[PDB]
Every structure is written in C-alpha cells, then in structure tokens.
Amino acid sequence: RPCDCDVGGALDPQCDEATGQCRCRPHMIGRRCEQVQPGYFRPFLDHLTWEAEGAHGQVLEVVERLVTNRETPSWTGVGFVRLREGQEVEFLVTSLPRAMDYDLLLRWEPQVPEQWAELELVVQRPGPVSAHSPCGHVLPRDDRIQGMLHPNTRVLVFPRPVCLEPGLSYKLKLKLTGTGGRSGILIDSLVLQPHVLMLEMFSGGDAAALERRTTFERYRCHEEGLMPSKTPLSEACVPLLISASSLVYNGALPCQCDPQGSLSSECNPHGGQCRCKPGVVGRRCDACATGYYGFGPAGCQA
Ligand SMILES: [Ca+2]
Ligand SMILES: [Cl-]
C-alpha cells in the first residue's frame with residue numbers, strides 16, 4: 488500500500504491515483520521514480536573533472552602516459568602537467584549543476600621520494616555573490632584556500648569546500664609555492689565533488705534522514721569520488737547515490753555518446769561510460785587513445 492516515492496527521484500512524497508505512480512524528475516522512471524531511463528545516466532561523484540593538461544595560462548610541460556594491458560589507469564586524459572615552484576595552472580570551470588558546496592580534489596603523482604608540496608587555490612568569480620543566492624554568505628577569505636600535498640598520496644581534498652553556482656563561468660587558479668623531499681610535481685586533474693551530505697535527504701532532522709546519513713558515513717560512499725579507478729561499493733551506497741545524484745542534477749543526464757566513436761547511443765546508467773570502438777577513449781568515446789590516430793567510423797589506429 489504505502490507510496491514511499493524516491494526521496495531524490497520524485498517531486499512529491501506520495502503517489503497519485505490508484506496506479507501508485509510518483510511524479511518523477513527528468514529521466515527517472517519506475518513507479519517510485521527509482522530507476523534511471525535507458526539513454527541517460529546518474530553521474531559519478533567525480534563527474535565534474537577538469538584536466539590539468541587542458542588548462543590555459545602559462546605554458547606548461549605536458550607529460551603523456553600510455554595505457555598498458557594492466558588496464559585501470561590511475562590518471563585521466565593524456566596524462567599530467569609538470570608544475571614547478573612559482574608556476575600556476577588556471578582551470579576554466581563552467582556549467583555547474585547546482586548552487587551548493589563542492590569539495591576540491593587535486594589528483595597528483597610525486598617525482599622524488601618522501602615528496603611534500605605547499606599550494607594555494609584562488610576562486611575568481613564573474614561578479615559579486617547575491618544576497619538571495621545560496622552562496623550569498625561567501626566572503627573573500629572563503630575564496631582563497633591553502634593546501635598541503637603529503638607523502639604517499641595521489642589525491643588531496645582541500646580543507647574547506649567552495650560554494651559555486653549554475654549558469655556562471657569561474658577561473659580556479661592553482662599556484663605551487665614550495666616542494667621538496669628528503679623537477680616539480682605532476683598534476684593530473686582537479687575534481688569538484690558535490691558535498692551531497694548537505695542535502696536535506698541527509699541533513700534533515702527526521703528519523704529517515706538520520707538513517708541515510710549514518711549509512712552513507714558507515715560505508716564511506718563518498719570515496720567513489722577520490723580516484724579514477726572505481727572499486728565496487730557496498731550495495732547500501734547504491735540507492736543513496738541514485739537519490740543524491742537526482743537532487744544535484746535534476747534527474748539524470750543524457751548520455752551524449754559520440755556518433756562516430758561509440759558503438760551505441762546507450763551508455764552505462766551508472767557513471768555514463770559509452771561503449772567505445774577500437775582505439776577510442778573518454779566517457780563519450782570522443783578521443784583517440786594516446787598514441788592512436790585517425791578518429792572516424794572505424795575508431796583509431798596506432
Ligand atoms: Ca590528466
Ligand atoms: Cl563527460
């Protein structure tokens with residue numbers, strides 16, 4: 488009997504008529520709006536990734552890396568950028584899904600043993616934050632954040648999140664002020689991970705919210721976002737990420753598989769990977785693998 492619509496996938500908490508159908512956000516389906524529509528996907532917590540090697544600004548050395556039969560690369564894009572003391576990388580960030588806090592993850596790889604580094608991140612906005620926006624509380628101190636890279640890691644979560652808004656273009660500047668050990681550092685990318693625990697499905701006061709919050713933290717579901725590799729999560733994480741993603745993105749996103757590079761318009765509904773032709777890479781199968789050429793109907797060749 489009970490409605491029990493999806494807290495994330497449906498608009499109202501109760502069903503209509505005697506069909507038991509809920510009102511769904513865009514491209515969520517099922518009687519309770521609990522399923523992603525074929526042709527659409529729920530994004531991974533690290534969907535919003537900007538490659539260091541795609542960055543504008545001062546000329547920096549690109550360090551390419553080849554995929555080996557080992558599979559499971561530890562980087563994305565062609566590889567990395569080598570950043571030395573005093574140099575800066577500019578990430579041009581646009582098209583964010585929602586006005587909320589994002590945690591900043593810097594993915595990197597050291598060049599000497601026991602390597603540490605000191606960094607400064609500055610958020611540059613296209614105007615003053617408005618009093619009526621969810622980011623209206625932001626002040627200048629909130630938009631400059633220091634971070635330290637520690638030995639034996641490949642990702643840093645900066646110690647404070649940033650509040651960013653949809654429909655706007657930002658420039659996030661990353662400066663390396665010092666690095667040593669006992679040729680600089682390699683930077684892979686910057687990831688903007690939505691801080692989904694602030695959503696009411698978790699942060700609310702009701703018993704149902706407290707349970708979701710407890711489960712999310714116990715199984716550390718937020719770790720999906722840390723690295724390119726995706727190791728299977730506890731099954732308990734799955735419906736929580738489906739619901740949280742629907743609330744961030746307003747339902748599910750269209751796959752947008754590249755017509756030439758993909759075998760199909762239909763991508764994986766968890767994370768959105770398209771099925772690539774030989775020699776093709778990228779979520780949308782829209783680039784040649786490194787060392788391959790000739791993007792077209794057949795794929796790419798070495
Ligand atoms: Ca990269
Ligand atoms: Cl993408």
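All letters in the sequence shown, in the order written, are residues 488 to 669, 679 to 798 by mature numbering (1 follows the signal peptide of the UniProt record, and there is no 0). For every residue, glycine included, the Cβ atom is placed at its ideal position computed from N, Cα and C.
Using CA atoms only, rank isn't needed, just tell me which of the options is closest to residue i.
{"i": "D493", "options": "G747, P765, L759", "result": "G747"}
{"i": "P750", "options": "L759, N556, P765", "result": "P765"}
{"i": "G566", "options": "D533, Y745, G792, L686", "result": "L686"}
{"i": "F528", "options": "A539, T536, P513, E607", "result": "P513"}
{"i": "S620", "options": "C650, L695, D782, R669", "result": "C650"}
{"i": "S725", "options": "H534, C490, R488, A497", "result": "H534"}
{"i": "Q602", "options": "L682, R510, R647", "result": "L682"}
{"i": "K658", "options": "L553, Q524, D630", "result": "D630"}
{"i": "residue 678", "options": "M723, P530, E707", "result": "Not modelled: residue 678, which lies between 669 and 679, the two residues flanking a gap in the chain."}
{"i": "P648", "options": "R628, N639, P638, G667", "result": "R628"}
{"i": "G526", "options": "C784, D754, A785, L606", "result": "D754"}
{"i": "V576", "options": "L591, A604, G541", "result": "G541"}
According to DSSP, is residue i helix, strand or coil?
{"i": "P627", "result": "helix"}
{"i": "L693", "result": "helix"}
{"i": "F567", "result": "strand"}
{"i": "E652", "result": "coil"}
{"i": "residue 678", "result": "No atoms are given for residue 678, which sits in the stretch of the chain between 669 and 679 that the model skips."}
{"i": "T664", "result": "strand"}
{"i": "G496", "result": "coil"}
{"i": "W562", "result": "coil"}
{"i": "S582", "result": "coil"}
{"i": "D684", "result": "strand"}
{"i": "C490", "result": "coil"}
Is the beta carbon of residue i sitting closer than 8 Å to the one on residue j?
{"i": "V642", "j": "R594", "result": "yes"}
{"i": "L532", "j": "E720", "result": "yes"}
{"i": "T563", "j": "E596", "result": "no"}
{"i": "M515", "j": "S742", "result": "yes"}
{"i": "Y745", "j": "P584", "result": "yes"}
{"i": "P600", "j": "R716", "result": "no"}
{"i": "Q769", "j": "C763", "result": "yes"}
{"i": "residue 675", "j": "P690", "result": "Placed between 669 and 679 in the numbering, residue 675 has no coordinates, as the chain goes from one to the other without interruption by modelled residues."}
{"i": "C502", "j": "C511", "result": "no"}
{"i": "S739", "j": "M694", "result": "no"}
{"i": "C781", "j": "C796", "result": "no"}
Which complete beta strand (DSSP E) runs does the stretch 695-781 hold, if anything under 3 residues is left out?
none
- Query: Does the pairing of the stretch 569-588 with the stretch 727-740 give three or more beta-carbon distances under 8 Å?
  - Reply: no
- With a cut-off of 8 Å, do at least 3 Cβ pairs link the stretch 614-623 to the stretch 576-584? no
Quiz item: Are the stretch 653-664 and the stretch 511-523 in contact at 8 Å, needing three or more beta carbon pairs?
Solution: no
TODO: Kindly provide the ranges of any beta strand (DSSP E) runs that are 3 or more residues long and lie completely inside the stretch 520-560, ordered along the chain.
DONE: 536-538, 548-551
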